[PDB]
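Student: Data: data_31.tsv, TSV, C-alpha atoms and all ligand atoms.
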```
chain	number	residue	atom	x	y	z
K	1	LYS	CA	10.06	-0.12	14.05
K	2	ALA	CA	9.94	2.97	11.85
K	3	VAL	CA	13.08	4.76	10.71
K	4	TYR	CA	14.24	8.16	11.93
K	5	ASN	CA	15.36	10.48	9.10
K	6	UNK	CA	18.67	12.39	9.26
K	7	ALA	CA	19.39	15.25	6.88
K	8	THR	CA	16.40	16.73	5.06
K	9	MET	CA	16.14	17.19	1.31
X	1	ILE	CA	1.58	14.02	-13.25
X	2	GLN	CA	-1.94	13.24	-12.10
X	3	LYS	CA	-3.19	9.71	-12.72
X	4	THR	CA	-6.84	8.79	-13.10
X	5	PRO	CA	-7.85	5.89	-10.82
X	6	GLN	CA	-8.68	2.29	-11.81
X	7	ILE	CA	-12.01	0.94	-10.50
X	8	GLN	CA	-12.75	-2.73	-10.01
X	9	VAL	CA	-15.91	-3.98	-8.29
X	10	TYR	CA	-16.06	-7.63	-7.30
X	11	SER	CA	-17.51	-10.00	-4.72
X	12	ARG	CA	-15.62	-12.02	-2.12
X	13	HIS	CA	-17.35	-15.35	-2.86
X	14	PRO	CA	-19.24	-16.33	-6.01
X	15	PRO	CA	-22.63	-14.70	-5.39
X	16	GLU	CA	-25.54	-16.94	-4.43
X	17	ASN	CA	-28.87	-15.45	-3.34
X	18	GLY	CA	-29.13	-15.78	0.44
X	19	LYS	CA	-25.49	-16.50	1.34
X	20	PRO	CA	-23.58	-13.63	3.03
X	21	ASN	CA	-20.73	-12.03	1.10
X	22	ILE	CA	-18.39	-9.07	0.90
X	23	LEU	CA	-18.55	-6.60	-1.98
X	24	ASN	CA	-15.25	-4.99	-2.93
X	25	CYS	CA	-14.46	-1.82	-4.83
X	26	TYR	CA	-10.73	-1.64	-5.55
X	27	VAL	CA	-9.35	1.64	-6.87
X	28	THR	CA	-5.68	1.87	-7.84
X	29	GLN	CA	-3.09	3.70	-9.91
X	30	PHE	CA	-4.21	7.19	-8.94
X	31	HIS	CA	-2.63	10.49	-7.84
X	32	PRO	CA	-3.01	12.81	-5.92
X	33	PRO	CA	-4.25	10.71	-2.98
X	34	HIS	CA	-7.34	12.82	-2.23
X	35	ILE	CA	-10.25	10.68	-3.40
X	36	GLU	CA	-13.89	10.01	-2.50
X	37	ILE	CA	-15.51	6.57	-2.65
X	38	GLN	CA	-19.14	5.66	-2.02
X	39	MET	CA	-20.67	2.23	-2.56
X	40	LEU	CA	-24.27	2.12	-3.75
X	41	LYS	CA	-27.18	-0.33	-3.48
X	42	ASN	CA	-29.64	0.66	-6.22
X	43	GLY	CA	-28.44	4.26	-6.22
X	44	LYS	CA	-28.47	4.49	-2.40
X	45	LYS	CA	-25.31	5.22	-0.43
X	46	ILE	CA	-24.63	2.14	1.71
X	47	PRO	CA	-24.66	3.49	5.31
X	48	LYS	CA	-21.27	2.45	6.74
X	49	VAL	CA	-18.74	1.08	4.23
X	50	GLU	CA	-15.47	-0.16	5.70
X	51	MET	CA	-12.47	1.24	3.85
X	52	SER	CA	-8.84	0.23	3.92
X	53	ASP	CA	-6.00	2.44	5.05
X	54	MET	CA	-4.53	3.98	1.93
X	55	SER	CA	-1.13	2.69	0.85
X	56	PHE	CA	0.77	3.07	-2.41
X	57	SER	CA	2.21	0.58	-4.89
X	58	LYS	CA	5.83	0.22	-6.02
X	59	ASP	CA	5.39	2.86	-8.75
X	60	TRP	CA	4.27	5.28	-5.97
X	61	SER	CA	0.66	5.42	-7.21
X	62	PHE	CA	-1.90	5.23	-4.41
X	63	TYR	CA	-4.41	2.40	-3.95
X	64	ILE	CA	-7.33	1.96	-1.54
X	65	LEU	CA	-9.89	-0.81	-0.95
X	66	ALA	CA	-13.54	-0.15	-0.08
X	67	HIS	CA	-15.57	-3.17	1.04
X	68	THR	CA	-18.84	-3.96	2.78
X	69	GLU	CA	-20.46	-7.15	3.98
X	70	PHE	CA	-23.63	-7.84	2.03
X	71	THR	CA	-25.95	-10.64	0.93
X	72	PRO	CA	-26.92	-10.12	-2.69
X	73	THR	CA	-30.20	-10.04	-4.57
X	74	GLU	CA	-30.56	-11.22	-8.17
X	75	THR	CA	-32.84	-8.24	-8.92
X	76	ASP	CA	-30.56	-5.71	-7.20
X	77	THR	CA	-27.66	-3.70	-8.62
X	78	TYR	CA	-24.49	-2.60	-6.83
X	79	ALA	CA	-22.14	0.17	-7.92
X	80	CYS	CA	-19.09	2.12	-6.81
X	81	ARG	CA	-18.82	5.87	-7.40
X	82	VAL	CA	-15.51	7.74	-7.37
X	83	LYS	CA	-14.71	11.45	-7.49
X	84	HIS	CA	-11.13	12.55	-8.17
X	85	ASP	CA	-9.30	15.55	-9.61
X	86	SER	CA	-8.43	13.54	-12.73
X	87	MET	CA	-12.09	13.23	-13.79
X	88	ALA	CA	-14.55	15.88	-14.90
X	89	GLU	CA	-17.52	14.28	-13.13
X	90	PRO	CA	-17.68	11.16	-10.92
X	91	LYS	CA	-17.16	7.71	-12.44
X	92	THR	CA	-19.54	4.87	-11.54
X	93	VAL	CA	-18.68	1.20	-12.05
X	94	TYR	CA	-21.31	-1.52	-11.59
X	95	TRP	CA	-20.77	-5.02	-10.24
X	96	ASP	CA	-21.59	-7.52	-13.03
X	97	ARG	CA	-22.29	-10.67	-10.99
X	98	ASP	CA	-21.20	-12.90	-13.89
X	99	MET	CA	-17.54	-11.92	-14.33
F	1	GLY	CA	10.66	-18.54	4.25
F	2	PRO	CA	10.89	-15.04	2.77
F	3	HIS	CA	9.97	-12.25	5.16
F	4	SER	CA	9.73	-8.50	4.76
F	5	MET	CA	8.99	-5.29	6.63
F	6	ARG	CA	7.98	-2.04	4.97
F	7	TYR	CA	6.98	1.46	6.04
F	8	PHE	CA	5.09	3.55	3.48
F	9	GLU	CA	5.17	7.18	4.65
F	10	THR	CA	3.37	9.97	2.80
F	11	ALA	CA	3.14	13.73	3.32
F	12	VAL	CA	0.58	15.75	1.35
F	13	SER	CA	0.59	19.54	1.38
F	14	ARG	CA	-2.52	21.25	0.07
F	15	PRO	CA	-3.49	24.89	-0.56
F	16	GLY	CA	-5.94	24.86	2.37
F	17	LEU	CA	-4.04	24.30	5.62
F	18	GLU	CA	-0.53	25.28	6.75
F	19	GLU	CA	0.79	21.92	7.97
F	20	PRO	CA	0.66	18.99	5.54
F	21	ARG	CA	-1.01	15.71	6.42
F	22	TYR	CA	1.45	12.93	7.31
F	23	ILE	CA	0.48	9.24	7.28
F	24	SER	CA	2.67	6.23	8.02
F	25	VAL	CA	1.61	2.62	7.39
F	26	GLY	CA	3.77	-0.34	8.35
F	27	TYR	CA	3.62	-3.79	6.77
F	28	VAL	CA	5.02	-7.09	8.04
F	29	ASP	CA	4.97	-9.67	5.24
F	30	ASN	CA	2.50	-7.46	3.33
F	31	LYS	CA	-0.07	-7.15	6.11
F	32	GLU	CA	-0.73	-3.79	7.73
F	33	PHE	CA	0.07	-3.73	11.45
F	34	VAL	CA	0.84	-0.13	12.54
F	35	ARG	CA	-0.55	3.20	11.36
F	36	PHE	CA	0.07	6.87	12.17
F	37	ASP	CA	-2.21	9.70	11.03
F	38	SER	CA	-1.66	13.39	11.80
F	39	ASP	CA	-5.42	14.01	11.17
F	40	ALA	CA	-6.69	12.15	14.21
F	41	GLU	CA	-7.98	12.07	17.80
F	42	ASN	CA	-4.47	12.38	19.15
F	43	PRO	CA	-1.99	11.51	16.37
F	44	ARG	CA	-0.29	8.30	17.42
F	45	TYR	CA	0.87	4.89	16.27
F	46	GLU	CA	-1.94	2.39	16.56
F	47	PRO	CA	-1.81	-1.38	16.03
F	48	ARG	CA	-3.62	-2.49	12.88
F	49	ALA	CA	-3.34	-6.25	13.59
F	50	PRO	CA	-4.67	-8.29	16.53
F	51	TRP	CA	-1.31	-9.99	17.22
F	52	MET	CA	0.27	-6.54	17.60
F	53	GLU	CA	-1.67	-5.07	20.55
F	54	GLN	CA	0.41	-7.05	23.07
F	55	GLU	CA	3.31	-4.63	22.70
F	56	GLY	CA	3.40	-2.51	25.87
F	57	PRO	CA	3.00	1.22	26.38
F	58	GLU	CA	6.68	2.19	26.13
F	59	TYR	CA	6.63	0.87	22.57
F	60	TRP	CA	3.94	3.27	21.31
F	61	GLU	CA	5.40	6.22	23.21
F	62	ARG	CA	8.63	5.96	21.21
F	63	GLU	CA	7.02	5.25	17.84
F	64	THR	CA	4.50	8.06	18.19
F	65	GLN	CA	7.29	10.42	19.23
F	66	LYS	CA	9.52	9.26	16.38
F	67	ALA	CA	6.56	9.65	14.00
F	68	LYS	CA	6.16	13.27	15.14
F	69	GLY	CA	9.81	13.75	14.19
F	70	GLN	CA	9.32	12.28	10.72
F	71	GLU	CA	6.37	14.58	10.08
F	72	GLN	CA	8.34	17.67	10.83
F	73	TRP	CA	11.12	16.27	8.63
F	74	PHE	CA	8.58	15.93	5.81
F	75	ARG	CA	7.17	19.42	6.45
F	76	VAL	CA	10.66	20.90	5.99
F	77	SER	CA	11.57	18.96	2.84
F	78	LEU	CA	8.33	19.82	1.07
F	79	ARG	CA	9.07	23.51	1.57
F	80	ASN	CA	12.63	22.83	0.40
F	81	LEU	CA	11.33	21.14	-2.74
F	82	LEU	CA	9.18	24.10	-3.81
F	83	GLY	CA	12.42	26.01	-4.24
F	84	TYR	CA	14.30	23.17	-5.92
F	85	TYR	CA	11.60	22.93	-8.62
F	86	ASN	CA	10.69	26.65	-8.74
F	87	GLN	CA	7.07	25.91	-7.80
F	88	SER	CA	5.11	28.87	-6.55
F	89	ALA	CA	2.51	28.53	-3.83
F	90	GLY	CA	-1.02	27.51	-4.77
F	91	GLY	CA	-0.78	23.79	-5.41
F	92	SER	CA	-0.75	20.43	-3.67
F	93	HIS	CA	2.42	18.35	-3.57
F	94	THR	CA	3.17	14.88	-2.25
F	95	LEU	CA	6.34	13.52	-0.66
F	96	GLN	CA	6.64	9.74	-0.20
F	97	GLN	CA	9.17	7.52	1.57
F	98	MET	CA	9.38	3.72	1.26
F	99	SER	CA	11.71	1.92	3.65
F	100	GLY	CA	12.23	-1.59	4.97
F	101	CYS	CA	14.15	-4.85	4.91
F	102	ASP	CA	13.68	-8.14	3.04
F	103	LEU	CA	14.74	-11.12	5.18
F	104	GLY	CA	15.05	-14.76	4.15
F	105	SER	CA	15.99	-18.39	4.79
F	106	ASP	CA	18.15	-17.76	7.87
F	107	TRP	CA	16.41	-14.66	9.24
F	108	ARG	CA	19.27	-12.70	7.60
F	109	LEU	CA	19.16	-9.50	5.54
F	110	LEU	CA	18.82	-9.74	1.74
F	111	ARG	CA	18.19	-6.20	0.50
F	112	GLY	CA	17.60	-2.86	2.18
F	113	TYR	CA	15.13	-0.24	1.01
F	114	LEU	CA	15.33	3.53	1.41
F	115	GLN	CA	13.73	5.60	-1.34
F	116	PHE	CA	11.81	8.85	-1.76
F	117	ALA	CA	9.47	10.24	-4.37
F	118	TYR	CA	8.16	13.75	-5.04
F	119	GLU	CA	4.90	14.31	-6.90
F	120	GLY	CA	4.71	10.53	-7.11
F	121	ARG	CA	7.88	10.41	-9.24
F	122	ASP	CA	11.22	8.87	-8.23
F	123	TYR	CA	13.39	11.47	-6.49
F	124	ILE	CA	16.27	9.67	-4.72
F	125	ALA	CA	16.92	6.10	-3.61
F	126	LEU	CA	19.56	4.25	-1.60
F	127	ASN	CA	21.23	1.65	-3.81
F	128	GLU	CA	21.68	-2.07	-3.16
F	129	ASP	CA	25.08	-1.44	-1.56
F	130	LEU	CA	23.40	0.79	1.06
F	131	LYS	CA	26.28	3.27	0.64
F	132	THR	CA	25.57	5.22	-2.59
F	133	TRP	CA	22.54	7.09	-3.92
F	134	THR	CA	20.64	7.41	-7.19
F	135	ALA	CA	18.99	10.72	-8.09
F	136	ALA	CA	16.92	11.19	-11.26
F	137	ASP	CA	16.25	14.92	-11.70
F	138	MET	CA	19.00	17.53	-11.43
F	139	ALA	CA	16.92	19.06	-8.63
F	140	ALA	CA	17.82	15.94	-6.61
F	141	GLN	CA	21.51	16.17	-7.47
F	142	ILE	CA	21.53	18.89	-4.81
F	143	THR	CA	20.19	16.49	-2.20
F	144	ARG	CA	22.56	13.67	-3.16
F	145	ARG	CA	25.54	16.01	-2.78
F	146	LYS	CA	24.50	17.17	0.66
F	147	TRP	CA	23.44	13.72	1.85
F	148	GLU	CA	26.91	12.58	0.80
F	149	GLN	CA	28.57	15.26	2.92
F	150	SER	CA	25.93	14.39	5.54
F	151	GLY	CA	26.95	10.75	5.86
F	152	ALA	CA	23.24	10.04	5.56
F	153	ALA	CA	23.51	6.57	3.98
F	154	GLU	CA	25.56	5.50	7.00
F	155	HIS	CA	22.66	6.19	9.37
F	156	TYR	CA	20.22	4.41	7.06
F	157	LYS	CA	22.36	1.30	6.61
F	158	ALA	CA	22.70	1.15	10.40
F	159	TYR	CA	18.90	1.09	10.59
F	160	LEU	CA	18.29	-1.39	7.77
F	161	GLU	CA	20.90	-3.80	9.11
F	162	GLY	CA	20.18	-2.91	12.76
F	163	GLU	CA	16.74	-2.34	14.24
F	164	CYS	CA	14.90	-3.17	11.00
F	165	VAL	CA	15.82	-6.86	10.94
F	166	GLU	CA	15.97	-7.21	14.74
F	167	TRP	CA	12.48	-5.80	15.17
F	168	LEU	CA	11.19	-7.82	12.21
F	169	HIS	CA	12.06	-10.96	14.19
F	170	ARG	CA	10.06	-10.12	17.29
F	171	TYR	CA	6.92	-9.12	15.37
F	172	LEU	CA	7.15	-12.37	13.39
F	173	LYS	CA	7.53	-14.48	16.53
F	174	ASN	CA	4.29	-13.04	17.97
F	175	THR	CA	-1.83	-15.97	11.72
F	176	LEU	CA	1.17	-14.74	9.73
F	177	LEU	CA	2.97	-18.03	8.99
F	178	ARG	CA	-0.34	-19.50	7.71
F	179	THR	CA	-1.40	-20.24	4.14
F	180	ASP	CA	-4.86	-20.04	2.60
F	181	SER	CA	-4.89	-21.68	-0.82
F	182	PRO	CA	-7.14	-20.89	-3.74
F	183	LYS	CA	-10.60	-22.08	-4.61
F	184	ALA	CA	-10.63	-22.41	-8.40
F	185	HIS	CA	-13.71	-21.77	-10.56
F	186	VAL	CA	-14.11	-21.02	-14.28
F	187	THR	CA	-16.88	-18.84	-15.73
F	188	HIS	CA	-18.58	-20.66	-18.62
F	189	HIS	CA	-20.07	-17.67	-20.45
F	190	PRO	CA	-19.39	-16.35	-23.96
F	191	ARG	CA	-19.49	-13.20	-26.11
F	192	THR	CA	-14.37	-16.69	-23.88
F	193	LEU	CA	-13.60	-18.79	-20.81
F	194	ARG	CA	-12.41	-17.15	-17.58
F	195	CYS	CA	-10.44	-18.80	-14.76
F	196	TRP	CA	-11.06	-17.73	-11.15
F	197	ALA	CA	-8.74	-18.16	-8.16
F	198	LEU	CA	-10.46	-17.09	-4.94
F	199	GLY	CA	-9.65	-17.00	-1.23
F	200	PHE	CA	-5.89	-17.53	-1.18
F	201	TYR	CA	-3.03	-16.16	0.93
F	202	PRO	CA	-0.47	-14.79	0.31
F	203	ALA	CA	-1.06	-12.83	-2.90
F	204	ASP	CA	1.76	-14.37	-4.99
F	205	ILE	CA	-0.23	-16.45	-7.49
F	206	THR	CA	0.13	-17.29	-11.17
F	207	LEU	CA	-2.45	-18.43	-13.74
F	208	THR	CA	-2.01	-19.41	-17.40
F	209	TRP	CA	-4.01	-21.18	-20.11
F	210	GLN	CA	-3.05	-24.45	-21.90
F	211	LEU	CA	-5.51	-10.84	-17.14
F	212	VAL	CA	-6.16	-8.67	-14.06
F	213	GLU	CA	-4.08	-7.74	-11.03
F	214	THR	CA	-4.15	-9.79	-7.83
F	215	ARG	CA	-6.36	-7.86	-5.45
F	216	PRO	CA	-7.60	-8.12	-1.86
F	217	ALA	CA	-10.93	-9.86	-1.34
F	218	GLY	CA	-11.99	-7.61	1.55
F	219	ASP	CA	-11.24	-10.07	4.37
F	220	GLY	CA	-7.45	-10.51	4.38
F	221	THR	CA	-7.18	-12.87	1.39
F	222	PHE	CA	-6.88	-12.26	-2.34
F	223	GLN	CA	-8.47	-12.95	-5.72
F	224	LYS	CA	-7.49	-13.06	-9.39
F	225	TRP	CA	-8.85	-14.09	-12.77
F	226	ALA	CA	-7.33	-14.82	-16.17
F	227	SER	CA	-9.20	-14.41	-19.47
F	228	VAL	CA	-8.91	-16.47	-22.66
F	229	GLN	CA	-12.69	-27.65	-24.66
F	230	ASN	CA	-9.07	-28.28	-25.70
F	231	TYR	CA	-7.78	-25.68	-23.21
F	232	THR	CA	-6.75	-26.07	-19.57
F	233	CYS	CA	-6.18	-23.55	-16.77
F	234	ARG	CA	-3.26	-24.14	-14.39
F	235	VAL	CA	-3.00	-22.50	-10.95
F	236	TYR	CA	0.36	-21.87	-9.25
F	237	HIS	CA	0.50	-20.72	-5.63
F	238	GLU	CA	2.80	-21.11	-2.63
F	239	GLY	CA	0.41	-23.25	-0.63
F	240	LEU	CA	-0.06	-25.87	-3.32
F	241	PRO	CA	1.21	-29.47	-3.34
F	242	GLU	CA	1.33	-29.31	-7.13
F	243	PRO	CA	-0.14	-26.71	-9.51
F	244	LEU	CA	-3.85	-27.40	-9.99
F	245	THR	CA	-5.59	-27.87	-13.35
F	246	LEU	CA	-9.10	-27.15	-14.63
F	247	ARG	CA	-10.60	-27.11	-18.13
U	301	CL	CL	5.01	10.38	-15.33
```
As structure tokens - that is how I would like this structure written.
Ligand SMILES: [Cl-]

Tutor:
Amino acid sequence: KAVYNXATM
Amino acid sequence: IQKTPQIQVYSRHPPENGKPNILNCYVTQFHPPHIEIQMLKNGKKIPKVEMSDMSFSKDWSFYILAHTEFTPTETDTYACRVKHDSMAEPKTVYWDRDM
Amino acid sequence: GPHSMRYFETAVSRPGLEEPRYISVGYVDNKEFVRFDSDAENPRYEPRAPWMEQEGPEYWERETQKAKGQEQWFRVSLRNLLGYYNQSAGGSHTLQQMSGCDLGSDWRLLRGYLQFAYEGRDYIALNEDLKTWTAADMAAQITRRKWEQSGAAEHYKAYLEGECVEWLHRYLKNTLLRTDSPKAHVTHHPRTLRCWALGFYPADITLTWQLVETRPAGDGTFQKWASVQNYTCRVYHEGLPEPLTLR
């Protein structure tokens, strides 16, 4: 299952 | 940095006239991902070539595999033709049934 | 034996359109099983392996919706990176994320993976401890500082140790645990012998004498040769009782 990204760059 | 691709054309089995096979064209170590690949049978674009879904290696360079089922002829040539930003004009690599 | 899951995500912005193209490809034990393309019929997660279609509709409704979140996330960062590197508009730029978990022996976690690259160069990566970051350029020092105040590595470790290894199990339980082992020929042509190893799986093979990269053979198995009668060629592969020899 893919990962969900928190804070952007 | 932009990276020119790396073409390799090869067969699935050792070619023998009459026995079905797959012909591969493996292009790697390139960037940016936008790239065009066409496999040729005596200078003719092979109608429907199955291509892999593009992934990228550990060094982040992109790779993609173009293959087609085929049954070879000893008096027929097979080539792969690539067009990418890193090259002036397209690069063509032929099969070389020996090695 | 060793097991692994990986997700290679890529976002390419180009001078033509306004939204970049976002593609995600998943790999279980180095075979592609799920894909997401934003340039498609209706962008969604589709199974890329036969054993993976028996998943149920709720499964693809979450992954597709989570993929749509990632793509926005990539859209925002790319715009953020133009400023970080003082790039003006008019070019094409790539953002890449690699993420996954290496399992083992006991179906336990060995090493987590969370790393990003910009213009195909290393930009920031979660370390082995899953709690601290590594950032190459100064332009990424910014991101490290704000991901530290963000508690970002905490979320990612929770994933790598959480759903990553749990969901690796269930895919594995569902062709994969099989082993195709090489046919070995040698090309007897000169000006220089040449050893061939054809039709093997997986791709971890090794050839020596008394060079080209292991590559897919177009059907799910791999191929390799080594270039060089007092010489012998030895083959070493996982599915092998003992390494095979040929002169
Ligand atoms: Cl470089």

Student: Report as a tab-separated table: every residue of chain K with an atom at most 12 Å from range 160-172 of chain F, its closest pair of atoms, and their distance in Å to one decimal, counting all atoms listed in the file, with rows sorted by chain and ascending residue number.

Tutor:
```
residue	atom	partner	partner_atom	distance
K:1	CA	F:167	CA	6.3
K:2	CA	F:164	CA	7.9
K:3	CA	F:164	CA	8.1
K:4	CA	F:163	CA	11.0
```

Student: In Å, rounded to a single decimal, give me how far CA of residue 94 in chain F is from CA of residue 31 in chain F.

Tutor: 23.8 Å

Student: How would you write, as a PyMOL selection string, the set of residues no farther than 9 Å from ligand CL 301 (chain U) when counting only C-alpha atoms and all ligand atoms?

Tutor: (chain X and resi 1-3) or (chain F and resi 120-121)

Student: Keeping C-alpha atoms, export the residues of the selection given above as a PDB file, in the frame of the given file.

Tutor:
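Written file, result_17.pdb:
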```pdb
ATOM      1  CA  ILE X   1       1.580  14.020 -13.250  1.00  0.00           C
ATOM      2  CA  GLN X   2      -1.940  13.240 -12.100  1.00  0.00           C
ATOM      3  CA  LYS X   3      -3.190   9.710 -12.720  1.00  0.00           C
TER       4      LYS X   3
ATOM      5  CA  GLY F 120       4.710  10.530  -7.110  1.00  0.00           C
ATOM      6  CA  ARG F 121       7.880  10.410  -9.240  1.00  0.00           C
TER       7      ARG F 121
END
```

Student: Residues of chain F near chain K: apply a cut-off of 7 Å, count only C-alpha atoms, and supply the list as a PyMOL selection string.

Tutor: chain F and resi 7+66+70+73+77+80+143+147+150+152+159+164+167

Student: Using only C-alpha atoms, which residues sit within 12 Å of residue 50 in chain F once same-chain residues fewer than 2 positions away are excluded, as a ChimeraX atom specification?

Tutor: /F:31-34,46-48,52-55,171,174-176

Student: Write a file of the just-selected residues containing C-alpha atoms, as a PDB file, in the coordinates of the input.

Tutor:
```pdb
ATOM      1  CA  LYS F  31      -0.070  -7.150   6.110  1.00  0.00           C
ATOM      2  CA  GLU F  32      -0.730  -3.790   7.730  1.00  0.00           C
ATOM      3  CA  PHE F  33       0.070  -3.730  11.450  1.00  0.00           C
ATOM      4  CA  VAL F  34       0.840  -0.130  12.540  1.00  0.00           C
ATOM      5  CA  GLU F  46      -1.940   2.390  16.560  1.00  0.00           C
ATOM      6  CA  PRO F  47      -1.810  -1.380  16.030  1.00  0.00           C
ATOM      7  CA  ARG F  48      -3.620  -2.490  12.880  1.00  0.00           C
ATOM      8  CA  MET F  52       0.270  -6.540  17.600  1.00  0.00           C
ATOM      9  CA  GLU F  53      -1.670  -5.070  20.550  1.00  0.00           C
ATOM     10  CA  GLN F  54       0.410  -7.050  23.070  1.00  0.00           C
ATOM     11  CA  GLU F  55       3.310  -4.630  22.700  1.00  0.00           C
ATOM     12  CA  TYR F 171       6.920  -9.120  15.370  1.00  0.00           C
ATOM     13  CA  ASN F 174       4.290 -13.040  17.970  1.00  0.00           C
ATOM     14  CA  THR F 175      -1.830 -15.970  11.720  1.00  0.00           C
ATOM     15  CA  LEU F 176       1.170 -14.740   9.730  1.00  0.00           C
TER      16      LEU F 176
END
```

Student: Can you build me a table of chain X residues sitting at most 9 Å from chain F, with the closest atom pair per residue and its distance in Å to one decimal, using only C-alpha atoms, sorted by chain and residue number, as JSON lines?

Tutor:
```
{"residue": "X:1", "atom": "CA", "partner": "F:119", "partner_atom": "CA", "distance": 7.2}
{"residue": "X:2", "atom": "CA", "partner": "F:119", "partner_atom": "CA", "distance": 8.7}
{"residue": "X:10", "atom": "CA", "partner": "F:217", "partner_atom": "CA", "distance": 8.2}
{"residue": "X:11", "atom": "CA", "partner": "F:217", "partner_atom": "CA", "distance": 7.4}
{"residue": "X:12", "atom": "CA", "partner": "F:217", "partner_atom": "CA", "distance": 5.2}
{"residue": "X:13", "atom": "CA", "partner": "F:198", "partner_atom": "CA", "distance": 7.4}
{"residue": "X:14", "atom": "CA", "partner": "F:198", "partner_atom": "CA", "distance": 8.9}
{"residue": "X:22", "atom": "CA", "partner": "F:218", "partner_atom": "CA", "distance": 6.6}
{"residue": "X:23", "atom": "CA", "partner": "F:218", "partner_atom": "CA", "distance": 7.5}
{"residue": "X:24", "atom": "CA", "partner": "F:218", "partner_atom": "CA", "distance": 6.1}
{"residue": "X:25", "atom": "CA", "partner": "F:218", "partner_atom": "CA", "distance": 9.0}
{"residue": "X:26", "atom": "CA", "partner": "F:215", "partner_atom": "CA", "distance": 7.6}
{"residue": "X:31", "atom": "CA", "partner": "F:120", "partner_atom": "CA", "distance": 7.4}
{"residue": "X:32", "atom": "CA", "partner": "F:94", "partner_atom": "CA", "distance": 7.5}
{"residue": "X:33", "atom": "CA", "partner": "F:12", "partner_atom": "CA", "distance": 8.2}
{"residue": "X:52", "atom": "CA", "partner": "F:218", "partner_atom": "CA", "distance": 8.8}
{"residue": "X:53", "atom": "CA", "partner": "F:25", "partner_atom": "CA", "distance": 8.0}
{"residue": "X:54", "atom": "CA", "partner": "F:25", "partner_atom": "CA", "distance": 8.3}
{"residue": "X:55", "atom": "CA", "partner": "F:8", "partner_atom": "CA", "distance": 6.8}
{"residue": "X:56", "atom": "CA", "partner": "F:8", "partner_atom": "CA", "distance": 7.3}
{"residue": "X:58", "atom": "CA", "partner": "F:98", "partner_atom": "CA", "distance": 8.8}
{"residue": "X:59", "atom": "CA", "partner": "F:120", "partner_atom": "CA", "distance": 7.9}
{"residue": "X:60", "atom": "CA", "partner": "F:120", "partner_atom": "CA", "distance": 5.4}
{"residue": "X:61", "atom": "CA", "partner": "F:120", "partner_atom": "CA", "distance": 6.5}
{"residue": "X:62", "atom": "CA", "partner": "F:120", "partner_atom": "CA", "distance": 8.9}
{"residue": "X:65", "atom": "CA", "partner": "F:218", "partner_atom": "CA", "distance": 7.5}
{"residue": "X:66", "atom": "CA", "partner": "F:218", "partner_atom": "CA", "distance": 7.8}
{"residue": "X:67", "atom": "CA", "partner": "F:218", "partner_atom": "CA", "distance": 5.7}
{"residue": "X:68", "atom": "CA", "partner": "F:218", "partner_atom": "CA", "distance": 7.9}
{"residue": "X:69", "atom": "CA", "partner": "F:218", "partner_atom": "CA", "distance": 8.8}
{"residue": "X:98", "atom": "CA", "partner": "F:187", "partner_atom": "CA", "distance": 7.6}
{"residue": "X:99", "atom": "CA", "partner": "F:187", "partner_atom": "CA", "distance": 7.1}
```

Student: Limited to C-alpha atoms, could you put the picked residues into a file as a PDB file, in the coordinates of the input?

Tutor:
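Written output follows (selection.pdb):
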```pdb
ATOM      1  CA  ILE X   1       1.580  14.020 -13.250  1.00  0.00           C
ATOM      2  CA  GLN X   2      -1.940  13.240 -12.100  1.00  0.00           C
ATOM      3  CA  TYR X  10     -16.060  -7.630  -7.300  1.00  0.00           C
ATOM      4  CA  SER X  11     -17.510 -10.000  -4.720  1.00  0.00           C
ATOM      5  CA  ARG X  12     -15.620 -12.020  -2.120  1.00  0.00           C
ATOM      6  CA  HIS X  13     -17.350 -15.350  -2.860  1.00  0.00           C
ATOM      7  CA  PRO X  14     -19.240 -16.330  -6.010  1.00  0.00           C
ATOM      8  CA  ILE X  22     -18.390  -9.070   0.900  1.00  0.00           C
ATOM      9  CA  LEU X  23     -18.550  -6.600  -1.980  1.00  0.00           C
ATOM     10  CA  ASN X  24     -15.250  -4.990  -2.930  1.00  0.00           C
ATOM     11  CA  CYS X  25     -14.460  -1.820  -4.830  1.00  0.00           C
ATOM     12  CA  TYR X  26     -10.730  -1.640  -5.550  1.00  0.00           C
ATOM     13  CA  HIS X  31      -2.630  10.490  -7.840  1.00  0.00           C
ATOM     14  CA  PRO X  32      -3.010  12.810  -5.920  1.00  0.00           C
ATOM     15  CA  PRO X  33      -4.250  10.710  -2.980  1.00  0.00           C
ATOM     16  CA  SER X  52      -8.840   0.230   3.920  1.00  0.00           C
ATOM     17  CA  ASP X  53      -6.000   2.440   5.050  1.00  0.00           C
ATOM     18  CA  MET X  54      -4.530   3.980   1.930  1.00  0.00           C
ATOM     19  CA  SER X  55      -1.130   2.690   0.850  1.00  0.00           C
ATOM     20  CA  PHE X  56       0.770   3.070  -2.410  1.00  0.00           C
ATOM     21  CA  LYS X  58       5.830   0.220  -6.020  1.00  0.00           C
ATOM     22  CA  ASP X  59       5.390   2.860  -8.750  1.00  0.00           C
ATOM     23  CA  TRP X  60       4.270   5.280  -5.970  1.00  0.00           C
ATOM     24  CA  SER X  61       0.660   5.420  -7.210  1.00  0.00           C
ATOM     25  CA  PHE X  62      -1.900   5.230  -4.410  1.00  0.00           C
ATOM     26  CA  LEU X  65      -9.890  -0.810  -0.950  1.00  0.00           C
ATOM     27  CA  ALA X  66     -13.540  -0.150  -0.080  1.00  0.00           C
ATOM     28  CA  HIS X  67     -15.570  -3.170   1.040  1.00  0.00           C
ATOM     29  CA  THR X  68     -18.840  -3.960   2.780  1.00  0.00           C
ATOM     30  CA  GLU X  69     -20.460  -7.150   3.980  1.00  0.00           C
ATOM     31  CA  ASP X  98     -21.200 -12.900 -13.890  1.00  0.00           C
ATOM     32  CA  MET X  99     -17.540 -11.920 -14.330  1.00  0.00           C
TER      33      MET X  99
END
```
